Amino acid sequence: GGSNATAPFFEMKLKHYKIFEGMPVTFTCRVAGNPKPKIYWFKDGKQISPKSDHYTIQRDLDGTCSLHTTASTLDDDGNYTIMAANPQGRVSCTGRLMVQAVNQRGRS
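Residues numbered from 1 in each chain as written, not as in the entry; some residues may be left out. Heavy atoms only, no water.

- In the PDB archive, solution NMR is given as the structure determination method for this entry.

- Looking at the PDB entry, the protein chain carries the name Palladin, with the source organism given as Mus musculus.
- For this entry, the PDB title field holds "NMR structure of Ig3 domain of palladin".

Here it is in C-alpha coordinates:
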(Lines give C-alpha, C1' and ligand atoms only; values in the text may rest on other atoms or scores of the structure.)
Protein backbone atom coordinates (compact mmCIF):
# COMPACT_ATOMS: atom_id res chain seq x y z
CA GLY A 1 0.00 0.00 0.00
CA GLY A 2 1.49 3.30 1.17
CA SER A 3 1.27 6.11 -1.38
CA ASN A 4 2.65 7.45 -4.66
CA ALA A 5 1.56 4.35 -6.56
CA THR A 6 -1.14 2.88 -8.80
CA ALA A 7 -3.23 -0.26 -8.31
CA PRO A 8 -2.84 -3.08 -10.83
CA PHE A 9 -5.12 -2.92 -13.86
CA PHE A 10 -5.37 -5.00 -17.03
CA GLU A 11 -5.36 -2.27 -19.67
CA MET A 12 -5.34 -5.18 -22.11
CA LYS A 13 -7.25 -8.23 -20.92
CA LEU A 14 -7.33 -11.78 -22.27
CA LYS A 15 -10.29 -13.22 -24.18
CA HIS A 16 -11.94 -16.54 -25.00
CA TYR A 17 -9.39 -18.41 -27.12
CA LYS A 18 -10.05 -21.47 -29.27
CA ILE A 19 -7.61 -23.91 -30.86
CA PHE A 20 -7.50 -27.32 -32.53
CA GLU A 21 -5.91 -30.18 -30.59
CA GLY A 22 -2.14 -30.26 -31.04
CA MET A 23 -1.83 -26.74 -32.43
CA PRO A 24 0.21 -23.94 -30.87
CA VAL A 25 -1.46 -21.03 -29.06
CA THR A 26 -0.09 -17.52 -28.54
CA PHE A 27 -1.69 -14.93 -26.27
CA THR A 28 -0.59 -11.98 -24.13
CA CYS A 29 -1.87 -9.49 -21.56
CA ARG A 30 -0.86 -5.95 -20.61
CA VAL A 31 -1.17 -4.13 -17.28
CA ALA A 32 -0.79 -0.51 -16.20
CA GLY A 33 0.12 -1.19 -12.57
CA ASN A 34 2.72 0.76 -10.59
CA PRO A 35 4.97 -0.59 -9.72
CA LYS A 36 4.69 -3.07 -12.59
CA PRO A 37 2.98 -6.15 -11.16
CA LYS A 38 4.96 -9.39 -11.01
CA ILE A 39 2.68 -11.02 -13.56
CA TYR A 40 2.06 -14.63 -12.58
CA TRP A 41 0.65 -17.34 -14.85
CA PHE A 42 -1.24 -20.44 -13.76
CA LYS A 43 -3.60 -22.88 -15.48
CA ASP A 44 -6.68 -23.90 -13.49
CA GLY A 45 -4.65 -23.19 -10.36
CA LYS A 46 -1.55 -24.91 -11.72
CA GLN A 47 1.39 -22.52 -11.37
CA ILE A 48 3.22 -22.23 -14.68
CA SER A 49 7.02 -22.12 -14.77
CA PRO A 50 8.58 -19.97 -17.49
CA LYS A 51 10.02 -22.00 -20.38
CA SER A 52 8.41 -25.30 -19.41
CA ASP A 53 7.57 -28.40 -21.44
CA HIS A 54 5.04 -26.48 -23.53
CA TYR A 55 4.47 -23.35 -21.47
CA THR A 56 6.80 -20.50 -22.43
CA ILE A 57 6.50 -17.29 -20.41
CA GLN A 58 7.97 -13.96 -21.52
CA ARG A 59 7.47 -10.99 -19.21
CA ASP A 60 8.31 -7.57 -20.63
CA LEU A 61 9.08 -4.93 -17.99
CA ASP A 62 7.15 -2.48 -20.15
CA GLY A 63 4.01 -4.08 -18.73
CA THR A 64 3.20 -6.68 -21.38
CA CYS A 65 3.60 -10.37 -20.54
CA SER A 66 3.00 -13.25 -22.94
CA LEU A 67 2.24 -16.95 -22.52
CA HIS A 68 2.79 -19.38 -25.39
CA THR A 69 1.52 -22.96 -25.52
CA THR A 70 3.64 -25.07 -27.87
CA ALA A 71 1.09 -27.86 -28.25
CA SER A 72 -2.36 -27.19 -26.81
CA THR A 73 -4.09 -30.53 -26.26
CA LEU A 74 -7.27 -31.64 -24.50
CA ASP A 75 -5.24 -31.88 -21.30
CA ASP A 76 -4.13 -28.29 -21.86
CA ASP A 77 -7.71 -27.13 -22.36
CA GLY A 78 -8.64 -24.88 -19.43
CA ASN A 79 -8.26 -21.39 -17.98
CA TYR A 80 -4.80 -19.82 -18.11
CA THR A 81 -5.60 -17.27 -15.40
CA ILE A 82 -3.18 -14.35 -15.09
CA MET A 83 -2.56 -12.50 -11.83
CA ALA A 84 -1.25 -8.93 -11.63
CA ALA A 85 0.21 -9.21 -8.14
CA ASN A 86 1.99 -6.10 -6.87
CA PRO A 87 2.51 -4.06 -3.71
CA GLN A 88 -0.77 -2.27 -4.43
CA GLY A 89 -2.83 -5.46 -4.57
CA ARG A 90 -3.64 -8.15 -7.12
CA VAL A 91 -6.15 -8.75 -9.91
CA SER A 92 -7.05 -11.98 -11.70
CA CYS A 93 -8.14 -12.31 -15.33
CA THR A 94 -9.31 -15.51 -17.01
CA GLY A 95 -7.18 -16.81 -19.88
CA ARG A 96 -9.83 -19.20 -21.19
CA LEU A 97 -8.51 -21.55 -23.86
CA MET A 98 -10.78 -24.23 -25.33
CA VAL A 99 -9.40 -27.12 -27.39
CA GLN A 100 -11.27 -28.87 -30.19
CA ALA A 101 -10.60 -32.61 -30.18
CA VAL A 102 -9.01 -33.84 -33.41
CA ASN A 103 -9.58 -37.50 -34.26
CA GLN A 104 -6.99 -37.30 -37.03
CA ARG A 105 -4.33 -36.18 -34.55
CA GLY A 106 -1.75 -38.98 -34.53
CA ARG A 107 -0.15 -37.45 -31.44
CA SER A 108 -3.44 -37.54 -29.53
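**Details of the pattern of salt bridges**
At step 1: Tallied over the full model, the rule gives 3 salt bridges.
At step 2: Its salt-bridge partner being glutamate 11, residue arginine 30 comes within 2.7 Å of it at the nearest N-O pair. Of the two residues, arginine 30 is situated in strand β2 (residues 25-30) and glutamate 11 in the segment before β1 (17-20); the sequence distance between them amounts to 19 residues.
At step 3: By relative accessible area, which is 23% here, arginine 30 ends up partly exposed.
At step 4: Given the relative accessible area of 41%, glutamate 11 is considered partly exposed.
At step 5: Each of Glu11, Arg30 and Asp62 takes part in salt bridges that share partners, so that together they form one network. (Salt bridge = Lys/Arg side-chain N within 4 Å of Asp/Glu carboxyl O. Helix = DSSP H or I, 4+ residues; strand = E, 2+ residues; numbered from the N terminus. Buried < 20%, exposed > 50% of the residue type's maximum accessible area, 1.4 Å probe, protein only.)

**Concerning the packing of aromatic side chains**
For any two aromatic rings, the description comes down to two numbers: the centre-to-centre distance and the angle of the planes.
At step 1: All told, the structure shown has 4 aromatic pairs when counted by the stated rule.
At step 2: Residues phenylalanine 27 and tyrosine 80 carry aromatic rings whose centres are separated by 5.6 Å and whose planes lie at 65° to one another, so their mutual orientation is edge-to-face. Pair noted here: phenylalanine 27 is in strand β2 and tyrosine 80 is in strand β7 (residues 78-83), with a separation of 53 residues, a long-range link.
At step 3: Residue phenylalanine 27 is classed as buried on the basis of its relative accessible area, which comes to 3%.
At step 4: Taking relative accessible area as the criterion, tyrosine 80 reaches 0% and is therefore assigned buried.
At step 5: Counting every residue linked through ring pairs, the aromatic cluster contains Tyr17, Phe27, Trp41, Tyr55 and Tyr80. (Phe/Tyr/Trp six-rings, centres within 6.5 Å; stacked < 30°, edge-to-face > 60°.)

**Comments concerning unusual backbone geometry**
At step 1: Cis geometry is adopted by the peptide bond preceding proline 35, which originates at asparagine 34 and carries an omega value of 10°.
At step 2: Structurally, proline 35 is set in the loop between β2 and β3 (40-43).
At step 3: One non-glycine residue, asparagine 4, lies in positive phi territory at about 60°.
At step 4: Here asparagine 4 shows up in the segment before β1.
At step 5: Look at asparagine 4 and you get exposed, because its relative accessible area is 80%.
At step 6: Of note in this structure, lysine 51 is not a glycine but carries a positive phi near 60°.
At step 7: With respect to the secondary-structure elements, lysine 51 resides in the loop between β4 (46-47) and β5 (55-59).

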